[PDB]
file structure17.tsv (TSV, C-alpha atoms)
chain	number	residue	atom	x	y	z
A	1	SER	CA	-8.32	4.21	-23.70
A	2	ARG	CA	-9.58	1.29	-21.62
A	3	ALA	CA	-6.76	1.82	-19.09
A	4	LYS	CA	-7.41	5.54	-18.64
A	5	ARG	CA	-11.12	4.80	-18.14
A	6	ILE	CA	-10.47	2.07	-15.57
A	7	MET	CA	-8.10	4.07	-13.39
A	8	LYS	CA	-10.64	6.93	-13.30
A	9	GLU	CA	-13.32	4.46	-12.30
A	10	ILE	CA	-11.13	2.92	-9.59
A	11	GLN	CA	-10.69	6.39	-8.04
A	12	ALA	CA	-14.39	7.22	-8.28
A	13	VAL	CA	-15.22	4.07	-6.31
A	14	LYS	CA	-12.37	4.38	-3.79
A	15	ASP	CA	-13.40	7.95	-2.91
A	16	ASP	CA	-17.02	6.97	-2.20
A	17	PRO	CA	-16.83	4.06	0.37
A	18	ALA	CA	-20.26	4.79	1.82
A	19	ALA	CA	-21.81	3.55	-1.43
A	20	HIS	CA	-20.62	0.13	-0.33
A	21	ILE	CA	-19.22	-0.76	-3.73
A	22	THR	CA	-15.59	-1.93	-4.10
A	23	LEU	CA	-13.46	-2.26	-7.21
A	24	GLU	CA	-10.02	-3.88	-7.22
A	25	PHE	CA	-7.64	-5.41	-9.74
A	26	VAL	CA	-7.19	-9.16	-9.42
A	27	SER	CA	-3.42	-8.97	-9.99
A	28	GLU	CA	-0.54	-6.60	-10.66
A	29	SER	CA	-0.06	-8.14	-14.07
A	30	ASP	CA	-2.93	-6.31	-15.80
A	31	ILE	CA	-5.73	-3.80	-15.38
A	32	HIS	CA	-8.53	-5.59	-17.19
A	33	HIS	CA	-9.32	-8.20	-14.51
A	34	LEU	CA	-11.09	-6.85	-11.44
A	35	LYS	CA	-13.29	-7.90	-8.55
A	36	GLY	CA	-16.31	-5.81	-7.73
A	37	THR	CA	-18.34	-6.26	-4.56
A	38	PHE	CA	-21.55	-4.75	-3.20
A	39	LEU	CA	-23.59	-5.34	-0.04
A	40	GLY	CA	-27.01	-6.98	-0.08
A	41	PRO	CA	-29.91	-4.48	-0.12
A	42	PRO	CA	-31.34	-3.97	3.37
A	43	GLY	CA	-34.94	-5.10	3.97
A	44	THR	CA	-34.29	-7.89	1.52
A	45	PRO	CA	-33.49	-11.61	1.88
A	46	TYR	CA	-29.95	-10.62	0.87
A	47	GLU	CA	-29.40	-8.12	3.70
A	48	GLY	CA	-26.11	-8.70	5.48
A	49	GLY	CA	-24.51	-10.34	2.47
A	50	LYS	CA	-21.40	-9.26	0.63
A	51	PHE	CA	-21.47	-10.19	-3.01
A	52	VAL	CA	-18.35	-10.62	-5.12
A	53	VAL	CA	-18.44	-10.27	-8.91
A	54	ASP	CA	-15.64	-11.25	-11.29
A	55	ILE	CA	-15.09	-8.56	-13.96
A	56	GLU	CA	-13.22	-8.75	-17.26
A	57	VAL	CA	-13.19	-5.55	-19.32
A	58	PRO	CA	-12.75	-6.00	-23.10
A	59	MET	CA	-10.30	-4.11	-25.26
A	60	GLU	CA	-13.17	-1.98	-26.60
A	61	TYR	CA	-14.43	-0.92	-23.15
A	62	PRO	CA	-16.33	1.36	-22.56
A	63	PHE	CA	-17.96	0.85	-25.98
A	64	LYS	CA	-18.37	-2.84	-25.25
A	65	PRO	CA	-19.78	-4.19	-21.97
A	66	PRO	CA	-17.54	-5.76	-19.31
A	67	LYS	CA	-17.97	-9.52	-18.73
A	68	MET	CA	-19.40	-9.96	-15.26
A	69	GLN	CA	-20.25	-13.13	-13.39
A	70	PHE	CA	-20.83	-13.73	-9.66
A	71	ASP	CA	-18.13	-15.40	-7.61
A	72	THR	CA	-20.54	-15.59	-4.68
A	73	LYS	CA	-23.05	-18.44	-4.85
A	74	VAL	CA	-26.41	-16.67	-4.91
A	75	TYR	CA	-30.00	-17.94	-5.01
A	76	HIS	CA	-31.72	-15.60	-7.51
A	77	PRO	CA	-33.77	-15.87	-10.77
A	78	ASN	CA	-31.20	-13.96	-12.85
A	79	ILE	CA	-28.00	-15.42	-11.48
A	80	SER	CA	-26.70	-18.95	-12.00
A	81	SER	CA	-25.78	-20.56	-8.70
A	82	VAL	CA	-23.41	-22.79	-10.66
A	83	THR	CA	-21.61	-20.49	-13.14
A	84	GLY	CA	-22.40	-17.12	-11.57
A	85	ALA	CA	-23.70	-16.12	-14.99
A	86	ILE	CA	-26.01	-13.07	-15.02
A	87	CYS	CA	-29.12	-12.29	-17.05
A	88	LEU	CA	-29.29	-8.47	-17.17
A	89	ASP	CA	-29.87	-6.28	-20.23
A	90	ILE	CA	-27.08	-3.74	-19.71
A	91	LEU	CA	-24.58	-6.61	-19.70
A	92	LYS	CA	-25.90	-7.83	-23.04
A	93	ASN	CA	-27.92	-5.67	-25.36
A	94	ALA	CA	-28.49	-2.42	-23.42
A	95	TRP	CA	-24.87	-1.45	-22.77
A	96	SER	CA	-23.85	2.20	-23.11
A	97	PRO	CA	-20.39	3.83	-22.99
A	98	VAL	CA	-21.66	6.15	-20.23
A	99	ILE	CA	-22.23	3.21	-17.88
A	100	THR	CA	-19.40	2.52	-15.39
A	101	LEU	CA	-18.40	-0.61	-13.48
A	102	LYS	CA	-19.69	1.04	-10.30
A	103	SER	CA	-22.99	1.77	-11.99
A	104	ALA	CA	-23.18	-1.84	-13.22
A	105	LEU	CA	-22.44	-3.08	-9.67
A	106	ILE	CA	-25.19	-0.83	-8.33
A	107	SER	CA	-27.53	-2.29	-10.99
A	108	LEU	CA	-26.62	-5.78	-9.77
A	109	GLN	CA	-27.49	-4.73	-6.22
A	110	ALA	CA	-30.79	-3.35	-7.59
A	111	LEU	CA	-31.31	-6.73	-9.27
A	112	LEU	CA	-31.18	-8.47	-5.87
A	113	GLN	CA	-33.77	-6.01	-4.60
A	114	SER	CA	-36.02	-6.39	-7.64
A	115	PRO	CA	-35.62	-9.83	-9.27
A	116	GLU	CA	-36.52	-10.16	-12.98
A	117	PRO	CA	-38.12	-13.60	-13.31
A	118	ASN	CA	-39.48	-12.73	-16.76
A	119	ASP	CA	-35.98	-13.17	-18.20
A	120	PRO	CA	-34.38	-15.84	-15.96
A	121	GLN	CA	-30.89	-17.25	-15.95
A	122	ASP	CA	-32.18	-20.16	-13.90
A	123	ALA	CA	-35.69	-21.14	-15.00
A	124	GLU	CA	-36.44	-23.23	-11.89
A	125	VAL	CA	-35.41	-20.47	-9.51
A	126	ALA	CA	-37.57	-17.99	-11.44
A	127	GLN	CA	-40.42	-20.49	-11.22
A	128	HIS	CA	-39.80	-20.83	-7.45
A	129	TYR	CA	-39.79	-17.04	-7.02
A	130	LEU	CA	-43.20	-16.78	-8.70
A	131	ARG	CA	-44.82	-19.95	-7.35
A	132	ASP	CA	-43.90	-19.57	-3.68
A	133	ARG	CA	-42.29	-16.22	-2.79
A	134	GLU	CA	-42.19	-16.87	0.96
A	135	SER	CA	-40.25	-20.06	0.41
A	136	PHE	CA	-38.01	-18.40	-2.19
A	137	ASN	CA	-37.06	-15.66	0.31
A	138	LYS	CA	-36.16	-18.13	3.07
A	139	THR	CA	-33.80	-19.88	0.64
A	140	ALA	CA	-32.22	-16.66	-0.64
A	141	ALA	CA	-31.67	-15.50	2.95
A	142	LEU	CA	-30.16	-18.84	4.04
A	143	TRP	CA	-27.82	-18.79	1.03
A	144	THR	CA	-26.85	-15.24	1.96
A	145	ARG	CA	-25.88	-16.53	5.40
A	146	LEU	CA	-24.07	-19.54	3.93
A	147	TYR	CA	-22.30	-18.11	0.88
A	148	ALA	CA	-22.21	-14.34	1.24
A	149	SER	CA	-20.82	-14.05	4.78
call {"tool": "encode", "arguments": {"input": "structure17.tsv", "output": "structure tokens"}}
result
Amino acid sequence: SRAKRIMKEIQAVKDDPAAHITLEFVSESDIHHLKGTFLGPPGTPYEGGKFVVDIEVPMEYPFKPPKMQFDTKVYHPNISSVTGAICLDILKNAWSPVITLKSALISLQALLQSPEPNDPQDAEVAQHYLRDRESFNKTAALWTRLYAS
């Protein structure tokens, strides 16, 4: 049961606030649309940011991956600053029924801390990250101030 899974997951996240992950339904009309958020990793250009991720869980969840895309405009090799689309294996080909939405959200936070330019969503941003890190970081940090406040 998708619904049974989701309500368990909601409780698991609500009871552990210090993890700085949140999970909420979008509306009262269903339980398959949610918003997840996580805080930017400290010591990182994204520190101080709060990142919001749109989640749609499929009928087959947890045996199919949830559809996740950023609502927050982020400057990052694996996230589209236009569509919020994410390039991350667990969301595509490496999904496992044991993975939770909280876990996925934590993996997205880990993605901010450790960009994966070798499989970019945005080729230019991945190119920027590699070509001129210092300049990349200044942009990521400005965008965190602008769009993730």
call {"tool": "atom_distance", "arguments": {"input": "structure17.tsv", "atom1": "CA of residue 128 in chain A", "atom2": "CA of residue 46 in chain A"}}
result
16.4 Å
call {"tool": "closest_residue", "arguments": {"input": "structure17.tsv", "among": "A:48, A:117, A:41, A:36", "to": "residue 144 in chain A", "atoms": "all atoms listed in the file"}}
result
A:48
call {"tool": "closest_residue", "arguments": {"input": "structure17.tsv", "among": "A:7, A:125, A:96, A:113", "to": "residue 42 in chain A", "atoms": "all atoms listed in the file"}}
result
A:113
call {"tool": "residues_around", "arguments": {"input": "structure17.tsv", "residues": "residue 129 in chain A", "least_positions_apart": "5", "cutoff": "12 Å", "atoms": "only C-alpha atoms", "output": "PyMOL selection string"}}
result
chain A and resi 75-78+114-118+120+122-124+134-140
call {"tool": "residues_near_point", "arguments": {"input": "structure17.tsv", "point": "(-22.4, -18.4, -7.0)", "cutoff": "10 Å", "atoms": "all atoms listed in the file", "output": "list in words"}}
result
residues 51, 52, 53, 69, 70, 71, 72, 73, 74, 75, 76, 79, 80, 81, 82, 83, 84, 85, 143, 147 and 148 of chain A
call {"tool": "write_last_selection", "arguments": {"input": "structure17.tsv", "atoms": "C-alpha atoms", "output": "mmCIF file, keeping the file's coordinate frame"}}
result
data_model
loop_
_atom_site.group_PDB
_atom_site.id
_atom_site.type_symbol
_atom_site.label_atom_id
_atom_site.label_comp_id
_atom_site.auth_asym_id
_atom_site.auth_seq_id
_atom_site.Cartn_x
_atom_site.Cartn_y
_atom_site.Cartn_z
ATOM 1 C CA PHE A 51 -21.470 -10.190 -3.010
ATOM 2 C CA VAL A 52 -18.350 -10.620 -5.120
ATOM 3 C CA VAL A 53 -18.440 -10.270 -8.910
ATOM 4 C CA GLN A 69 -20.250 -13.130 -13.390
ATOM 5 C CA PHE A 70 -20.830 -13.730 -9.660
ATOM 6 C CA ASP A 71 -18.130 -15.400 -7.610
ATOM 7 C CA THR A 72 -20.540 -15.590 -4.680
ATOM 8 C CA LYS A 73 -23.050 -18.440 -4.850
ATOM 9 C CA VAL A 74 -26.410 -16.670 -4.910
ATOM 10 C CA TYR A 75 -30.000 -17.940 -5.010
ATOM 11 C CA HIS A 76 -31.720 -15.600 -7.510
ATOM 12 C CA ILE A 79 -28.000 -15.420 -11.480
ATOM 13 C CA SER A 80 -26.700 -18.950 -12.000
ATOM 14 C CA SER A 81 -25.780 -20.560 -8.700
ATOM 15 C CA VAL A 82 -23.410 -22.790 -10.660
ATOM 16 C CA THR A 83 -21.610 -20.490 -13.140
ATOM 17 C CA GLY A 84 -22.400 -17.120 -11.570
ATOM 18 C CA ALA A 85 -23.700 -16.120 -14.990
ATOM 19 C CA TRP A 143 -27.820 -18.790 1.030
ATOM 20 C CA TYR A 147 -22.300 -18.110 0.880
ATOM 21 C CA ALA A 148 -22.210 -14.340 1.240
#
call {"tool": "closest_residue", "arguments": {"input": "structure17.tsv", "among": "A:92, A:102, A:2, A:145", "to": "residue 24 in chain A", "atoms": "only C-alpha atoms"}}
result
A:102
call {"tool": "atom_distance", "arguments": {"input": "structure17.tsv", "atom1": "CA of residue 130 in chain A", "atom2": "CA of residue 49 in chain A"}}
result
22.7 Å
call {"tool": "residues_around", "arguments": {"input": "structure17.tsv", "residues": "residue 63 in chain A", "least_positions_apart": "2", "cutoff": "6 Å", "atoms": "only C-alpha atoms", "output": "list in words"}}
result
residues 60, 61 and 97 of chain A
call {"tool": "residues_around", "arguments": {"input": "structure17.tsv", "residues": "residue 11 in chain A", "least_positions_apart": "4", "cutoff": "12 Å", "atoms": "all atoms listed in the file", "output": "number ranges by chain"}}
result
A: 4-7, 15-17, 21-24, 101-102
call {"tool": "closest_residue", "arguments": {"input": "structure17.tsv", "among": "A:40, A:56, A:93, A:88", "to": "residue 141 in chain A", "atoms": "all atoms listed in the file"}}
result
A:40
call {"tool": "atom_distance", "arguments": {"input": "structure17.tsv", "atom1": "CA of residue 68 in chain A", "atom2": "CA of residue 33 in chain A"}}
result
10.3 Å
call {"tool": "closest_residue", "arguments": {"input": "structure17.tsv", "among": "A:39, A:121, A:66, A:87", "to": "residue 100 in chain A", "atoms": "all atoms listed in the file"}}
result
A:66
call {"tool": "closest_residue", "arguments": {"input": "structure17.tsv", "among": "A:18, A:43, A:12, A:65", "to": "residue 94 in chain A", "atoms": "only C-alpha atoms"}}
result
A:65
call {"tool": "residues_around", "arguments": {"input": "structure17.tsv", "residues": "residue 32 in chain A", "least_positions_apart": "4", "cutoff": "9 Å", "atoms": "all atoms listed in the file", "output": "compact mmCIF listing (two decimals) with C-alpha atoms, in the frame of the given file"}}
result
# COMPACT_ATOMS: atom_id res chain seq x y z
CA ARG A 2 -9.58 1.29 -21.62
CA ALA A 3 -6.76 1.82 -19.09
CA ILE A 6 -10.47 2.07 -15.57
CA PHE A 25 -7.64 -5.41 -9.74
CA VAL A 26 -7.19 -9.16 -9.42
CA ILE A 55 -15.09 -8.56 -13.96
CA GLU A 56 -13.22 -8.75 -17.26
CA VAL A 57 -13.19 -5.55 -19.32
CA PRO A 58 -12.75 -6.00 -23.10
CA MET A 59 -10.30 -4.11 -25.26
call {"tool": "build_atoms", "arguments": {"input": "structure17.tsv", "residues": "range 26-44 of chain A", "atoms": "N, CA and C atoms", "output": "PDB file, keeping the file's coordinate frame"}}
result
ATOM      1  N   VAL A  26      -7.502  -7.820  -9.888  1.00  0.00           N
ATOM      2  CA  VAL A  26      -7.190  -9.160  -9.420  1.00  0.00           C
ATOM      3  C   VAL A  26      -5.690  -9.315  -9.169  1.00  0.00           C
ATOM      4  N   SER A  27      -4.874  -8.881 -10.132  1.00  0.00           N
ATOM      5  CA  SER A  27      -3.420  -8.970  -9.990  1.00  0.00           C
ATOM      6  C   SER A  27      -2.676  -7.712 -10.441  1.00  0.00           C
ATOM      7  N   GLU A  28      -1.351  -7.758 -10.337  1.00  0.00           N
ATOM      8  CA  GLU A  28      -0.540  -6.600 -10.660  1.00  0.00           C
ATOM      9  C   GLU A  28      -0.083  -6.752 -12.100  1.00  0.00           C
ATOM     10  N   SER A  29      -0.587  -7.784 -12.763  1.00  0.00           N
ATOM     11  CA  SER A  29      -0.060  -8.140 -14.070  1.00  0.00           C
ATOM     12  C   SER A  29      -0.877  -7.468 -15.170  1.00  0.00           C
ATOM     13  N   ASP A  30      -2.088  -7.014 -14.839  1.00  0.00           N
ATOM     14  CA  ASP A  30      -2.930  -6.310 -15.800  1.00  0.00           C
ATOM     15  C   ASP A  30      -3.976  -5.455 -15.106  1.00  0.00           C
ATOM     16  N   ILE A  31      -4.686  -4.660 -15.902  1.00  0.00           N
ATOM     17  CA  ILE A  31      -5.730  -3.800 -15.380  1.00  0.00           C
ATOM     18  C   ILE A  31      -7.110  -4.097 -15.955  1.00  0.00           C
ATOM     19  N   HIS A  32      -7.250  -5.243 -16.612  1.00  0.00           N
ATOM     20  CA  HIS A  32      -8.530  -5.590 -17.190  1.00  0.00           C
ATOM     21  C   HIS A  32      -9.299  -6.677 -16.435  1.00  0.00           C
ATOM     22  N   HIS A  33      -8.650  -7.296 -15.452  1.00  0.00           N
ATOM     23  CA  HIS A  33      -9.320  -8.200 -14.510  1.00  0.00           C
ATOM     24  C   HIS A  33      -9.564  -7.515 -13.178  1.00  0.00           C
ATOM     25  N   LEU A  34     -10.816  -7.445 -12.738  1.00  0.00           N
ATOM     26  CA  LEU A  34     -11.090  -6.850 -11.440  1.00  0.00           C
ATOM     27  C   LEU A  34     -12.121  -7.647 -10.665  1.00  0.00           C
ATOM     28  N   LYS A  35     -12.184  -7.412  -9.361  1.00  0.00           N
ATOM     29  CA  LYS A  35     -13.290  -7.900  -8.550  1.00  0.00           C
ATOM     30  C   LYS A  35     -14.125  -6.716  -8.084  1.00  0.00           C
ATOM     31  N   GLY A  36     -15.429  -6.797  -8.303  1.00  0.00           N
ATOM     32  CA  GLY A  36     -16.310  -5.810  -7.730  1.00  0.00           C
ATOM     33  C   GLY A  36     -17.075  -6.471  -6.598  1.00  0.00           C
ATOM     34  N   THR A  37     -17.433  -5.718  -5.570  1.00  0.00           N
ATOM     35  CA  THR A  37     -18.340  -6.260  -4.560  1.00  0.00           C
ATOM     36  C   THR A  37     -19.385  -5.200  -4.205  1.00  0.00           C
ATOM     37  N   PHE A  38     -20.539  -5.649  -3.739  1.00  0.00           N
ATOM     38  CA  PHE A  38     -21.550  -4.750  -3.200  1.00  0.00           C
ATOM     39  C   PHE A  38     -22.234  -5.492  -2.061  1.00  0.00           C
ATOM     40  N   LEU A  39     -22.883  -4.748  -1.173  1.00  0.00           N
ATOM     41  CA  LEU A  39     -23.590  -5.340  -0.040  1.00  0.00           C
ATOM     42  C   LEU A  39     -25.056  -5.615  -0.409  1.00  0.00           C
ATOM     43  N   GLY A  40     -25.628  -6.655   0.189  1.00  0.00           N
ATOM     44  CA  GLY A  40     -27.010  -6.980  -0.080  1.00  0.00           C
ATOM     45  C   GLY A  40     -27.905  -5.820   0.307  1.00  0.00           C
ATOM     46  N   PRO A  41     -28.995  -5.579  -0.436  1.00  0.00           N
ATOM     47  CA  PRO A  41     -29.910  -4.480  -0.120  1.00  0.00           C
ATOM     48  C   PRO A  41     -30.605  -4.744   1.222  1.00  0.00           C
ATOM     49  N   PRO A  42     -30.671  -3.739   2.089  1.00  0.00           N
ATOM     50  CA  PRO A  42     -31.340  -3.970   3.370  1.00  0.00           C
ATOM     51  C   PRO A  42     -32.829  -4.121   3.159  1.00  0.00           C
ATOM     52  N   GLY A  43     -33.495  -4.848   4.057  1.00  0.00           N
ATOM     53  CA  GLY A  43     -34.940  -5.100   3.970  1.00  0.00           C
ATOM     54  C   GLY A  43     -35.267  -6.183   2.958  1.00  0.00           C
ATOM     55  N   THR A  44     -34.238  -6.941   2.620  1.00  0.00           N
ATOM     56  CA  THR A  44     -34.290  -7.890   1.520  1.00  0.00           C
ATOM     57  C   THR A  44     -33.707  -9.203   2.029  1.00  0.00           C
TER      58      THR A  44
END
